[PDB]
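The file structure08.cif comes next; it holds mmCIF, C-alpha atoms and all ligand atoms.
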```cif
data_upload
loop_
_atom_site.label_atom_id
_atom_site.label_comp_id
_atom_site.auth_asym_id
_atom_site.auth_seq_id
_atom_site.Cartn_x
_atom_site.Cartn_y
_atom_site.Cartn_z
CA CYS V 253 -20.64 -54.71 -11.81
CA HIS V 254 -22.64 -55.66 -14.90
CA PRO V 255 -21.60 -57.55 -18.06
CA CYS V 256 -23.02 -54.75 -20.22
CA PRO V 257 -23.72 -51.02 -19.74
CA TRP V 258 -27.25 -49.73 -19.20
CA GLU V 259 -29.38 -49.94 -22.35
CA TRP V 260 -26.92 -52.22 -24.12
CA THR V 261 -27.67 -55.76 -25.30
CA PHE V 262 -25.62 -58.86 -24.44
CA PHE V 263 -24.97 -61.72 -26.86
CA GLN V 264 -22.10 -64.24 -26.75
CA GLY V 265 -19.61 -62.28 -24.66
CA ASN V 266 -20.19 -58.96 -26.39
CA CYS V 267 -22.36 -55.92 -25.73
CA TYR V 268 -24.26 -54.13 -28.46
CA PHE V 269 -25.62 -50.61 -28.44
CA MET V 270 -28.67 -50.10 -30.65
CA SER V 271 -28.88 -46.33 -31.06
CA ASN V 272 -32.10 -44.38 -30.60
CA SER V 273 -30.75 -41.46 -32.62
CA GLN V 274 -29.33 -41.22 -36.15
CA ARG V 275 -25.93 -40.44 -37.74
CA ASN V 276 -24.27 -40.83 -41.12
CA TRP V 277 -21.85 -43.74 -41.45
CA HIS V 278 -18.63 -41.88 -40.66
CA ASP V 279 -20.13 -40.20 -37.60
CA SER V 280 -21.45 -43.59 -36.46
CA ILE V 281 -17.88 -44.88 -36.46
CA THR V 282 -16.90 -41.96 -34.24
CA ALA V 283 -19.88 -42.37 -31.92
CA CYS V 284 -18.84 -45.94 -31.21
CA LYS V 285 -15.20 -45.04 -30.62
CA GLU V 286 -16.36 -42.39 -28.13
CA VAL V 287 -17.92 -45.10 -25.96
CA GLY V 288 -15.02 -47.53 -26.25
CA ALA V 289 -16.65 -49.60 -29.00
CA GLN V 290 -16.68 -50.15 -32.75
CA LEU V 291 -19.40 -49.85 -35.42
CA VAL V 292 -20.47 -53.50 -35.47
CA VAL V 293 -18.26 -56.00 -37.27
CA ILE V 294 -20.01 -59.35 -37.60
CA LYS V 295 -17.42 -62.07 -36.95
CA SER V 296 -19.77 -65.06 -37.02
CA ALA V 297 -23.01 -66.44 -38.45
CA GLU V 298 -24.80 -66.75 -35.11
CA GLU V 299 -24.13 -63.05 -34.55
CA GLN V 300 -25.70 -62.09 -37.89
CA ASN V 301 -28.95 -63.94 -37.21
CA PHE V 302 -29.21 -62.35 -33.78
CA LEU V 303 -28.58 -58.81 -35.00
CA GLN V 304 -30.84 -59.12 -38.05
CA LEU V 305 -33.74 -60.16 -35.83
CA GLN V 306 -33.33 -57.20 -33.48
CA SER V 307 -32.94 -54.76 -36.38
CA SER V 308 -35.93 -56.16 -38.26
CA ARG V 309 -38.13 -55.83 -35.17
CA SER V 310 -36.90 -52.28 -34.53
CA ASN V 311 -38.08 -51.55 -38.07
CA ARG V 312 -35.20 -49.07 -38.42
CA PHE V 313 -32.54 -48.77 -41.12
CA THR V 314 -29.30 -49.37 -39.21
CA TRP V 315 -25.62 -49.01 -40.12
CA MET V 316 -23.07 -51.79 -39.64
CA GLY V 317 -19.29 -51.45 -39.90
CA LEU V 318 -18.98 -52.56 -43.52
CA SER V 319 -18.17 -50.53 -46.64
CA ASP V 320 -16.77 -50.68 -50.17
CA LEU V 321 -15.56 -47.06 -50.09
CA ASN V 322 -11.90 -47.87 -50.76
CA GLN V 323 -12.58 -50.17 -53.72
CA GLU V 324 -16.04 -50.39 -55.31
CA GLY V 325 -17.34 -53.94 -55.03
CA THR V 326 -14.87 -55.10 -52.40
CA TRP V 327 -16.64 -54.95 -49.04
CA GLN V 328 -14.42 -54.57 -45.98
CA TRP V 329 -15.18 -54.34 -42.27
CA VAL V 330 -13.98 -51.29 -40.34
CA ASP V 331 -11.38 -53.34 -38.48
CA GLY V 332 -9.72 -53.96 -41.84
CA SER V 333 -11.09 -57.49 -42.17
CA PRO V 334 -12.49 -58.62 -45.56
CA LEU V 335 -16.09 -59.75 -46.13
CA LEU V 336 -16.32 -63.54 -46.45
CA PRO V 337 -18.10 -65.45 -49.27
CA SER V 338 -20.30 -67.20 -46.69
CA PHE V 339 -21.54 -63.83 -45.39
CA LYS V 340 -22.55 -62.68 -48.87
CA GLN V 341 -25.78 -64.67 -48.56
CA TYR V 342 -27.08 -61.90 -46.29
CA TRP V 343 -27.62 -59.16 -48.90
CA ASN V 344 -31.26 -58.45 -49.81
CA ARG V 345 -32.39 -59.44 -53.31
CA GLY V 346 -30.85 -57.14 -55.89
CA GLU V 347 -28.17 -55.94 -53.47
CA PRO V 348 -25.60 -54.57 -53.38
CA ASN V 349 -26.57 -52.42 -56.37
CA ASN V 350 -24.54 -49.24 -55.77
CA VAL V 351 -27.48 -47.20 -57.08
CA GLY V 352 -26.39 -43.57 -57.02
CA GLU V 353 -23.11 -44.61 -55.39
CA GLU V 354 -23.78 -46.59 -52.20
CA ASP V 355 -20.68 -47.56 -50.26
CA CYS V 356 -21.96 -48.29 -46.75
CA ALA V 357 -23.93 -51.32 -45.49
CA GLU V 358 -27.11 -51.25 -43.38
CA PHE V 359 -29.50 -53.80 -41.91
CA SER V 360 -32.67 -53.52 -43.99
CA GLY V 361 -35.74 -55.66 -43.45
CA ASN V 362 -34.51 -59.24 -43.25
CA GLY V 363 -31.13 -58.69 -44.87
CA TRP V 364 -28.48 -56.16 -45.87
CA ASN V 365 -28.54 -53.25 -48.26
CA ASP V 366 -25.91 -50.83 -49.48
CA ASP V 367 -26.92 -47.17 -49.21
CA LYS V 368 -25.42 -43.67 -49.38
CA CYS V 369 -22.88 -43.15 -46.60
CA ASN V 370 -24.01 -39.57 -46.00
CA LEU V 371 -27.52 -40.66 -45.04
CA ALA V 372 -28.35 -40.54 -41.35
CA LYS V 373 -29.47 -43.88 -39.93
CA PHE V 374 -29.48 -45.66 -36.61
CA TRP V 375 -26.34 -47.63 -35.80
CA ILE V 376 -25.05 -50.48 -33.67
CA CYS V 377 -21.84 -50.43 -31.62
CA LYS V 378 -20.13 -53.55 -30.34
CA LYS V 379 -17.65 -54.07 -27.50
CA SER V 380 -16.70 -57.02 -25.31
CA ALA V 381 -18.83 -57.87 -22.27
CA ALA V 382 -17.25 -57.76 -18.82
CA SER V 383 -17.20 -60.87 -16.64
CA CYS V 384 -17.99 -60.57 -12.93
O1 LIG V 401 -40.05 -55.99 -48.43
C1 LIG V 401 -40.46 -54.63 -48.40
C2 LIG V 401 -39.32 -53.71 -48.03
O2 LIG V 401 -39.75 -52.95 -46.87
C3 LIG V 401 -38.80 -52.00 -46.36
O3 LIG V 401 -38.70 -50.81 -47.11
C4 LIG V 401 -38.43 -51.02 -48.51
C5 LIG V 401 -37.61 -49.88 -49.10
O4 LIG V 401 -37.01 -49.14 -48.01
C6 LIG V 401 -36.23 -48.01 -48.42
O5 LIG V 401 -37.01 -47.02 -49.03
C7 LIG V 401 -37.81 -46.30 -48.07
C8 LIG V 401 -38.44 -45.09 -48.73
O6 LIG V 401 -37.37 -44.25 -49.22
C9 LIG V 401 -37.84 -43.00 -49.75
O7 LIG V 401 -38.54 -42.35 -48.75
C10 LIG V 401 -38.77 -43.25 -50.95
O8 LIG V 401 -38.03 -43.83 -52.02
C11 LIG V 401 -39.92 -44.18 -50.55
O9 LIG V 401 -40.68 -44.52 -51.70
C12 LIG V 401 -39.39 -45.45 -49.89
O10 LIG V 401 -40.47 -46.22 -49.39
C13 LIG V 401 -35.11 -48.44 -49.37
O11 LIG V 401 -34.14 -49.19 -48.66
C14 LIG V 401 -35.66 -49.28 -50.54
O12 LIG V 401 -34.57 -49.82 -51.31
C15 LIG V 401 -34.30 -49.20 -52.53
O13 LIG V 401 -33.74 -47.90 -52.36
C16 LIG V 401 -32.48 -47.87 -51.65
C17 LIG V 401 -32.07 -46.42 -51.51
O14 LIG V 401 -31.84 -45.82 -52.77
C18 LIG V 401 -31.44 -48.72 -52.39
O15 LIG V 401 -30.24 -48.77 -51.64
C19 LIG V 401 -31.98 -50.13 -52.60
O16 LIG V 401 -31.05 -50.89 -53.35
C20 LIG V 401 -33.32 -50.07 -53.33
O17 LIG V 401 -33.12 -49.50 -54.61
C21 LIG V 401 -36.52 -50.42 -50.01
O18 LIG V 401 -37.11 -51.12 -51.10
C22 LIG V 401 -37.42 -52.63 -46.10
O19 LIG V 401 -37.49 -53.47 -44.95
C23 LIG V 401 -36.94 -53.45 -47.30
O20 LIG V 401 -35.75 -54.15 -46.96
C24 LIG V 401 -38.02 -54.45 -47.72
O21 LIG V 401 -37.58 -55.15 -48.88
CA CA V 402 -18.20 -46.34 -54.71
CA CA V 403 -20.55 -49.27 -53.59
CA CA V 404 -28.71 -50.68 -52.44
#
```
The structure in this file should be written as structure tokens.
Amino acid sequence: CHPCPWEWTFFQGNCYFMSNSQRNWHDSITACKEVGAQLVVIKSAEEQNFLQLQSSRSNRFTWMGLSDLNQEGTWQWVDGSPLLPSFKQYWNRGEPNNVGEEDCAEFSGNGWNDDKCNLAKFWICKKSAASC
């Protein structure tokens, strides 16, 4: 037994899958469900710092489970949870700008950016880590 599956990353009781292939946002949601996970929902500040560092180093635009598709301007996580005011400090400068209609969030550089949901990007899945 292993806390996390092969190629996954462990951090604070959860396993994260950093994809090596690309998908649009909706298909990323499905990809995660197919492996018993969810497109990453950041539930804490320590988690954000950890993920941002890995994403920045990967130098890849990467989807997270956050969108304002249902109501422009109101960002909600895929589990139905609302984005908190304390997490809003993570957007890059000038973001979110909804330029050309951007309703999905991605890790970009050292922060977050909103981009077109139909764009294919890497993604991160999250599921709980097993204890053995
Ligand atoms: O600090 C520097 C900067 O470095 C990284 O890249 C910056 C740049 O990345 C994205 O554009 C990439 C290319 O996209 C097309 O191929 C061309 O436009 C080409 O000229 C670009 O280089 C993109 O995220 C961009 O952000 C702007 O566009 C997006 C998409 O329309 C929009 O959502 C943003 O609000 C903004 O207008 C970004 O500047 C990244 O690590 C950056 O985070 C970093 O700041
Ligand atoms: Ca919109
Ligand atoms: Ca939007
Ligand atoms: Ca943007």
So that each row is one residue of chain V with an atom at most 12 Å from ligand CA 403 (chain V), can you give its shortest atom pair and the distance in Å to one decimal, using only C-alpha atoms and all ligand atoms, rows by chain and rising number, as CSV?
```
residue,atom,partner,partner_atom,distance
V:318,CA,V:CA403,CA,10.7
V:319,CA,V:CA403,CA,7.5
V:320,CA,V:CA403,CA,5.3
V:321,CA,V:CA403,CA,6.5
V:322,CA,V:CA403,CA,9.2
V:323,CA,V:CA403,CA,8.0
V:324,CA,V:CA403,CA,5.0
V:325,CA,V:CA403,CA,5.8
V:326,CA,V:CA403,CA,8.2
V:327,CA,V:CA403,CA,8.3
V:328,CA,V:CA403,CA,11.1
V:347,CA,V:CA403,CA,10.1
V:348,CA,V:CA403,CA,7.3
V:349,CA,V:CA403,CA,7.3
V:350,CA,V:CA403,CA,4.5
V:351,CA,V:CA403,CA,8.0
V:352,CA,V:CA403,CA,8.9
V:353,CA,V:CA403,CA,5.6
V:354,CA,V:CA403,CA,4.4
V:355,CA,V:CA403,CA,3.7
V:356,CA,V:CA403,CA,7.1
V:357,CA,V:CA403,CA,9.0
V:365,CA,V:CA403,CA,10.4
V:366,CA,V:CA403,CA,6.9
V:367,CA,V:CA403,CA,8.0
V:368,CA,V:CA403,CA,8.5
V:369,CA,V:CA403,CA,9.6
```
Can you tell me, as an MDAnalysis selection string, what residues are no more than 7 Å from residue 290 in chain V when counting all atoms listed in the file, ignoring any on the same chain fewer than 6 positions away? chainID V and resid 281 284 377:379
With C-alpha atoms retained, could you export that selection as a PDB file, keeping the file's coordinate frame?
```
ATOM      1  CA  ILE V 281     -17.880 -44.880 -36.460  1.00  0.00           C
ATOM      2  CA  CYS V 284     -18.840 -45.940 -31.210  1.00  0.00           C
ATOM      3  CA  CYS V 377     -21.840 -50.430 -31.620  1.00  0.00           C
ATOM      4  CA  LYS V 378     -20.130 -53.550 -30.340  1.00  0.00           C
ATOM      5  CA  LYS V 379     -17.650 -54.070 -27.500  1.00  0.00           C
TER       6      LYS V 379
END
```
At what distance in Å, to one decimal, does CA of residue 276 in chain V lie from CA of residue 370 in chain V?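 Calculated distance between CA of residue 370 in chain V and CA of residue 276 in chain V is 5.0 Å.
Atom pair CA of residue 308 in chain V / CA of residue 361 in chain V: separated by 5.2 Å.
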How many Å separate atom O11 of ligand LIG 401 (chain V) from CA of residue 309 in chain V? 15.6 Å
Quick one: of V:283, V:289, V:336, V:330, who's nearest to residue 268 in chain V, counting all atoms listed in the file? V:289
Spatial neighbours of residue 257 in chain V, 9 Å, all atoms listed in the file, chain gap at least 5 places, as an mmCIF file with C-alpha atoms, keeping the file's coordinate frame:
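And here's result-v8.cif as it stands now:
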```
data_model
loop_
_atom_site.group_PDB
_atom_site.id
_atom_site.type_symbol
_atom_site.label_atom_id
_atom_site.label_comp_id
_atom_site.auth_asym_id
_atom_site.auth_seq_id
_atom_site.Cartn_x
_atom_site.Cartn_y
_atom_site.Cartn_z
ATOM 1 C CA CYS V 267 -22.360 -55.920 -25.730
ATOM 2 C CA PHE V 269 -25.620 -50.610 -28.440
ATOM 3 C CA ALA V 381 -18.830 -57.870 -22.270
#
```
Taking (-18.9, -60.0, -37.6) in the file's own coordinates, collect the residues within 10 Å, counting all atoms listed in the file, and hand them back as a list in words. residues 292, 293, 294, 295, 296, 297, 298, 299, 300, 316, 317, 318, 329, 333, 335, 336, 339 and 378 of chain V
I'd like the box whose edges run along x, y and z of the file and which contains every listed atom of ligand LIG 401 (chain V), padded by 4 Å per side; could you state its centre and edge lengths in Å, one decimal, as lines of an AutoDock Vina configuration file?
```
center_x = -35.5
center_y = -49.2
center_z = -49.8
size_x = 18.4
size_y = 21.6
size_z = 17.7
```
Out of V:375, V:362, V:263, V:346, which residue has the shortest atom-to-atom distance to ligand CA 404 (chain V) when counting all atoms listed in the file?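 Ranking V:375, V:362, V:263, V:346 by distance to ligand CA 404 (chain V), first place goes to V:346.
Among the candidates V:371, V:266, V:384, V:343, the residue lying nearest to ligand CA 404 (chain V) is V:343 (atoms considered: all atoms listed in the file).
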Kindly extract all protein, DNA and RNA residues lying within 10 Å of the coordinates (-24.6, -41.4, -32.8) given in the file, considering only C-alpha atoms, and supply them as a ChimeraX atom specification. /V:270-284,286,372-377
From the structure block, carefully write range 313-341 of chain V out with N, CA and C atoms; format it as a short mmCIF file (atom, residue, chain, number, x, y, z; two decimals), in the first residue's frame.
```
data_model
loop_
_atom_site.label_atom_id
_atom_site.label_comp_id
_atom_site.auth_asym_id
_atom_site.auth_seq_id
_atom_site.Cartn_x
_atom_site.Cartn_y
_atom_site.Cartn_z
N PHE V 313 0.41 26.28 -18.06
CA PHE V 313 -0.86 26.88 -17.68
C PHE V 313 -1.69 25.68 -17.23
N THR V 314 -2.26 25.76 -16.03
CA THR V 314 -2.97 24.63 -15.44
C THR V 314 -4.32 24.96 -14.81
N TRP V 315 -5.36 24.24 -15.22
CA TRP V 315 -6.70 24.46 -14.68
C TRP V 315 -6.87 24.06 -13.21
N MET V 316 -7.74 24.80 -12.53
CA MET V 316 -8.11 24.47 -11.16
C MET V 316 -9.64 24.40 -11.19
N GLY V 317 -10.25 23.82 -10.17
CA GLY V 317 -11.70 23.69 -10.15
C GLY V 317 -12.46 24.91 -9.69
N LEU V 318 -12.29 26.02 -10.40
CA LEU V 318 -12.93 27.28 -10.05
C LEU V 318 -13.45 27.96 -11.32
N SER V 319 -14.67 28.48 -11.26
CA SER V 319 -15.27 29.14 -12.42
C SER V 319 -16.34 30.15 -12.05
N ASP V 320 -16.63 31.07 -12.98
CA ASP V 320 -17.70 32.03 -12.76
C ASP V 320 -18.69 31.90 -13.93
N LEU V 321 -18.82 30.67 -14.42
CA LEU V 321 -19.71 30.33 -15.52
C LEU V 321 -21.18 30.59 -15.22
N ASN V 322 -21.63 30.20 -14.03
CA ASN V 322 -23.03 30.38 -13.67
C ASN V 322 -23.44 31.84 -13.47
N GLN V 323 -22.55 32.64 -12.91
CA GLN V 323 -22.83 34.05 -12.68
C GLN V 323 -21.54 34.85 -12.81
N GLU V 324 -21.40 35.58 -13.92
CA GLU V 324 -20.20 36.37 -14.17
C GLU V 324 -19.78 37.19 -12.95
N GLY V 325 -18.52 37.01 -12.54
CA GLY V 325 -18.01 37.75 -11.40
C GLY V 325 -18.05 37.01 -10.08
N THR V 326 -18.93 36.02 -9.97
CA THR V 326 -19.03 35.24 -8.75
C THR V 326 -18.31 33.91 -8.99
N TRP V 327 -17.11 33.79 -8.42
CA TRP V 327 -16.32 32.58 -8.59
C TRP V 327 -16.68 31.50 -7.59
N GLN V 328 -16.96 30.31 -8.11
CA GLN V 328 -17.37 29.18 -7.29
C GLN V 328 -16.54 27.93 -7.59
N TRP V 329 -16.23 27.17 -6.55
CA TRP V 329 -15.47 25.94 -6.74
C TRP V 329 -16.43 24.87 -7.28
N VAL V 330 -15.87 23.84 -7.91
CA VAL V 330 -16.69 22.78 -8.50
C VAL V 330 -17.47 21.93 -7.50
N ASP V 331 -17.14 22.04 -6.23
CA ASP V 331 -17.86 21.27 -5.21
C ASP V 331 -19.08 22.08 -4.77
N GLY V 332 -19.23 23.28 -5.33
CA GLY V 332 -20.35 24.13 -4.99
C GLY V 332 -19.98 25.22 -4.01
N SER V 333 -18.80 25.10 -3.41
CA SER V 333 -18.31 26.07 -2.44
C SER V 333 -17.96 27.41 -3.08
N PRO V 334 -18.20 28.52 -2.37
CA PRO V 334 -17.91 29.86 -2.87
C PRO V 334 -16.46 30.28 -2.64
N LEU V 335 -15.93 31.15 -3.49
CA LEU V 335 -14.57 31.63 -3.32
C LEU V 335 -14.57 32.62 -2.16
N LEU V 336 -13.58 32.51 -1.28
CA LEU V 336 -13.48 33.39 -0.12
C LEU V 336 -12.71 34.67 -0.40
N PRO V 337 -13.01 35.75 0.34
CA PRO V 337 -12.34 37.04 0.16
C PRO V 337 -10.83 36.96 0.41
N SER V 338 -10.43 36.06 1.30
CA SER V 338 -9.01 35.89 1.63
C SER V 338 -8.23 35.19 0.52
N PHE V 339 -8.95 34.47 -0.34
CA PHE V 339 -8.32 33.76 -1.46
C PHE V 339 -8.22 34.64 -2.70
N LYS V 340 -8.91 35.77 -2.68
CA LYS V 340 -8.91 36.69 -3.80
C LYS V 340 -7.58 37.40 -4.01
N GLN V 341 -6.69 37.30 -3.03
CA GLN V 341 -5.37 37.91 -3.12
C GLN V 341 -4.48 37.15 -4.10
#
```
